[PDB]
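# Topology and contacts: notes
What follows is each chain in one-letter form.
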Amino acid sequence: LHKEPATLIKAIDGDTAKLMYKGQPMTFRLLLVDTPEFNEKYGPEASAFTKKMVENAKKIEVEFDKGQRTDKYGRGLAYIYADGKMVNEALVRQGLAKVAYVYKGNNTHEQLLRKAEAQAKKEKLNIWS
Ligand SMILES: Cc1cn([C@H]2C[C@H](OP(=O)(O)O)[C@@H](COP(=O)(O)O)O2)c(=O)[nH]c1=O
Ligand SMILES: [Ca+2]
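Residues numbered from 1 in each chain as written, not as in the entry; some residues may be left out. Chains lettered and ligands numbered in written order. Heavy atoms only, no water.

Structure determination for this entry is recorded as X-ray crystallography, at 1.60 Å resolution.

Going by what the PDB entry lists, the chain is known as Thermonuclease and is assigned to Staphylococcus aureus.

This is how it looks when you write it as C-alpha coordinates:
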(Lines give C-alpha, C1' and ligand atoms only; values in the text may rest on other atoms or scores of the structure.)
(Ligands and ions follow the chains in the order given, each with its own letter.)
Protein backbone atom coordinates (compact mmCIF):
# COMPACT_ATOMS: atom_id res chain seq x y z
CA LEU A 1 0.00 0.00 0.00
CA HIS A 2 0.99 3.66 -0.28
CA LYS A 3 0.20 6.88 1.49
CA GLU A 4 -1.33 9.78 -0.51
CA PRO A 5 -1.92 13.39 0.45
CA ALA A 6 -5.15 14.85 1.74
CA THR A 7 -6.13 17.77 3.89
CA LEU A 8 -8.68 17.98 6.67
CA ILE A 9 -11.91 19.76 5.82
CA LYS A 10 -13.90 18.88 8.99
CA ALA A 11 -13.78 16.35 11.77
CA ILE A 12 -17.09 14.40 11.95
CA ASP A 13 -17.02 11.57 14.52
CA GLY A 14 -14.78 8.70 15.84
CA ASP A 15 -14.46 6.93 12.53
CA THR A 16 -15.41 9.42 9.83
CA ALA A 17 -13.96 12.74 8.70
CA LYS A 18 -14.38 15.04 5.71
CA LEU A 19 -11.10 15.31 3.81
CA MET A 20 -10.01 16.88 0.58
CA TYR A 21 -8.48 14.19 -1.62
CA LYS A 22 -7.21 14.84 -5.12
CA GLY A 23 -8.77 18.27 -4.70
CA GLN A 24 -12.32 17.03 -4.03
CA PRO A 25 -14.24 16.91 -0.80
CA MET A 26 -15.05 13.39 0.41
CA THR A 27 -16.29 11.81 3.64
CA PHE A 28 -13.86 9.06 4.64
CA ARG A 29 -14.75 6.11 6.77
CA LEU A 30 -11.87 4.38 8.62
CA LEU A 31 -11.15 0.84 7.46
CA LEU A 32 -11.37 -2.10 9.89
CA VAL A 33 -12.77 -0.23 12.90
CA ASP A 34 -16.02 0.80 14.49
CA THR A 35 -16.36 3.59 16.96
CA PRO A 36 -19.48 4.13 19.04
CA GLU A 37 -21.93 6.69 17.56
CA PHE A 38 -21.77 10.07 19.21
CA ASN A 39 -24.98 9.33 21.18
CA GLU A 40 -23.58 6.04 22.60
CA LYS A 41 -21.15 5.36 25.47
CA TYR A 42 -17.57 6.39 24.53
CA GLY A 43 -18.98 8.08 21.40
CA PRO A 44 -18.04 11.54 22.41
CA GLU A 45 -14.64 10.34 23.60
CA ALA A 46 -13.97 8.67 20.25
CA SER A 47 -15.12 11.74 18.35
CA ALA A 48 -12.82 13.94 20.45
CA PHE A 49 -9.85 11.59 20.02
CA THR A 50 -10.12 11.51 16.25
CA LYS A 51 -10.83 15.27 16.06
CA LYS A 52 -7.66 16.10 18.08
CA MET A 53 -5.59 13.74 16.09
CA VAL A 54 -6.63 15.06 12.66
CA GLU A 55 -6.85 18.78 13.58
CA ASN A 56 -3.43 18.85 15.25
CA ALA A 57 -1.68 17.07 12.38
CA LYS A 58 0.68 18.97 10.15
CA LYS A 59 0.20 16.30 7.51
CA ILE A 60 -2.84 14.08 6.87
CA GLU A 61 -2.46 11.13 4.48
CA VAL A 62 -4.85 8.50 3.19
CA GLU A 63 -3.90 4.95 2.39
CA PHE A 64 -6.30 2.87 0.36
CA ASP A 65 -6.27 -0.92 0.68
CA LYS A 66 -6.20 -3.36 -2.28
CA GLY A 67 -10.02 -3.57 -2.72
CA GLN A 68 -13.08 -1.27 -2.70
CA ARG A 69 -12.11 2.40 -2.26
CA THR A 70 -15.61 3.69 -1.63
CA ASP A 71 -18.55 2.16 0.17
CA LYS A 72 -22.21 1.99 -0.81
CA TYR A 73 -22.71 5.48 0.69
CA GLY A 74 -19.95 7.07 -1.43
CA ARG A 75 -17.58 7.29 1.56
CA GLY A 76 -13.87 6.78 0.97
CA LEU A 77 -12.53 3.66 2.70
CA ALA A 78 -9.02 4.14 3.95
CA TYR A 79 -6.40 4.05 6.66
CA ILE A 80 -5.90 7.67 7.76
CA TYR A 81 -2.46 8.90 9.03
CA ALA A 82 -1.81 11.98 11.09
CA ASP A 83 1.88 12.98 11.01
CA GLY A 84 2.61 9.35 10.21
CA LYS A 85 0.53 7.80 13.03
CA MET A 86 -2.45 5.69 11.89
CA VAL A 87 -5.70 6.98 13.35
CA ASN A 88 -7.37 3.59 12.88
CA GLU A 89 -4.70 1.87 15.02
CA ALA A 90 -4.62 4.64 17.59
CA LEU A 91 -8.36 4.44 18.21
CA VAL A 92 -8.23 0.70 18.72
CA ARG A 93 -5.11 0.90 20.96
CA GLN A 94 -7.01 3.30 23.20
CA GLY A 95 -10.13 1.13 23.45
CA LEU A 96 -12.20 3.74 21.63
CA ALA A 97 -12.89 1.47 18.58
CA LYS A 98 -13.35 -2.23 18.05
CA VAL A 99 -11.79 -4.06 15.12
CA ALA A 100 -14.78 -4.59 12.85
CA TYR A 101 -15.96 -4.69 9.24
CA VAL A 102 -13.11 -6.86 8.14
CA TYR A 103 -13.94 -7.65 4.55
CA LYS A 104 -11.77 -9.94 2.43
CA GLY A 105 -9.47 -7.99 0.10
CA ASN A 106 -9.50 -4.84 2.18
CA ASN A 107 -7.81 -6.30 5.26
CA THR A 108 -4.12 -5.48 5.00
CA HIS A 109 -3.75 -4.03 8.51
CA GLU A 110 -6.03 -6.52 10.29
CA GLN A 111 -3.42 -8.23 12.42
CA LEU A 112 -1.80 -4.86 13.37
CA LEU A 113 -5.18 -3.65 14.62
CA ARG A 114 -6.04 -6.90 16.37
CA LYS A 115 -2.77 -6.69 18.30
CA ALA A 116 -3.69 -3.15 19.39
CA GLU A 117 -7.13 -4.34 20.47
CA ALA A 118 -5.64 -7.14 22.56
CA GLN A 119 -3.47 -4.65 24.38
CA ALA A 120 -6.38 -2.25 25.01
CA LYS A 121 -8.45 -5.18 26.28
CA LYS A 122 -5.63 -6.21 28.65
CA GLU A 123 -5.51 -2.65 30.03
CA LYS A 124 -9.33 -2.51 30.41
CA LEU A 125 -9.35 0.73 28.48
CA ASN A 126 -12.56 2.56 27.78
CA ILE A 127 -14.92 0.24 25.86
CA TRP A 128 -13.08 -2.65 27.55
CA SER A 129 -13.49 -1.26 31.09
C1 LIG B 1 -16.02 0.27 7.41
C2 LIG B 1 -16.93 -0.19 6.27
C3 LIG B 1 -18.28 0.03 6.35
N4 LIG B 1 -19.11 -0.36 5.32
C5 LIG B 1 -20.61 -0.23 5.42
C6 LIG B 1 -21.14 -1.48 6.21
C7 LIG B 1 -22.30 -0.92 7.09
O8 LIG B 1 -23.46 -0.98 6.22
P9 LIG B 1 -24.86 -0.57 6.97
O10 LIG B 1 -25.02 1.00 6.99
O11 LIG B 1 -25.95 -1.19 6.03
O12 LIG B 1 -24.95 -1.07 8.37
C13 LIG B 1 -21.83 0.55 7.32
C14 LIG B 1 -21.18 0.75 8.70
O15 LIG B 1 -20.65 2.09 8.71
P16 LIG B 1 -20.93 2.92 10.09
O17 LIG B 1 -20.27 2.21 11.23
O18 LIG B 1 -20.26 4.27 9.75
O19 LIG B 1 -22.48 3.01 10.30
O20 LIG B 1 -20.87 0.86 6.29
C21 LIG B 1 -18.59 -0.95 4.22
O22 LIG B 1 -19.34 -1.36 3.29
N23 LIG B 1 -17.25 -1.17 4.10
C24 LIG B 1 -16.40 -0.80 5.11
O25 LIG B 1 -15.23 -1.06 4.98
CA1 LIG C 1 -19.55 3.78 13.81
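Turning next to the coordination of the calcium ion (ligand 2). Each angle at a metal carrying four tetrahedral donors should ideally be 109.5 degrees, and each at a metal carrying six octahedral donors should ideally be 90 or 180 degrees. With distances of 2.7 to 2.9 Å, the protein atoms coordinating the calcium ion (ligand 2) are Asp-15 (OD), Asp-34 (OD), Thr-35 (O) and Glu-37 (OE). Counting residues between consecutive donors of the calcium ion (ligand 2) along the chain gives the motif D-x18-D-T-x1-E. (Donors = N, O, S within 2.8 Å, 3.2 Å for Na, K, Ca; no water.)

Let's shift gears to the nonpolar core. Counting 34 residues, the largest nonpolar core has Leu-19, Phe-28, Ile-60, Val-62, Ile-80, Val-87 and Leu-91 as the members making the most contacts within it. Of all the secondary-structure elements, those providing two or more residues to this core are β2 (16-21), β3 (24-30), α1 (43-56), β5 (60-63), β6 (76-82), α2 (87-93) and α3 (110-122). Counting residues per element, this core draws most heavily on β6, at six residues. If sequence neighbours within four positions are ignored, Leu-19 has contacts with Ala-6, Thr-7, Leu-8, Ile-9, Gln-24, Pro-25, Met-26, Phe-28, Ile-60, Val-62 and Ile-80. (Core = buried A, V, L, I, M, F, W, Y, C linked by side-chain atoms within 4.5 Å. Buried < 20%, exposed > 50% of the residue type's maximum accessible area, 1.4 Å probe, protein only. Helix = DSSP H or I, 4+ residues; strand = E, 2+ residues; numbered from the N terminus. Contact = heavy atoms within 4.5 Å.)

A separate point is the pairing of β3. Two faces belong to every sheet, and in a regular strand the side chains alternate between them. When β2 meets β3, the two strands line up antiparallel, connected through six bridges. Its bridge partner being in β3, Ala-17 is matched across the sheet by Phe-28. Adjacent in sequence and paired antiparallel, β2 and β3 are bridged by two residues, among which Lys-22 carries a positive phi angle near 50 degrees. Both β3 and β6 contribute to a ladder of three bridges, which runs parallel. Along β6, the bridge assignment pairs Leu-30 with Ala-78. (Pairing = 2+ DSSP bridges.)

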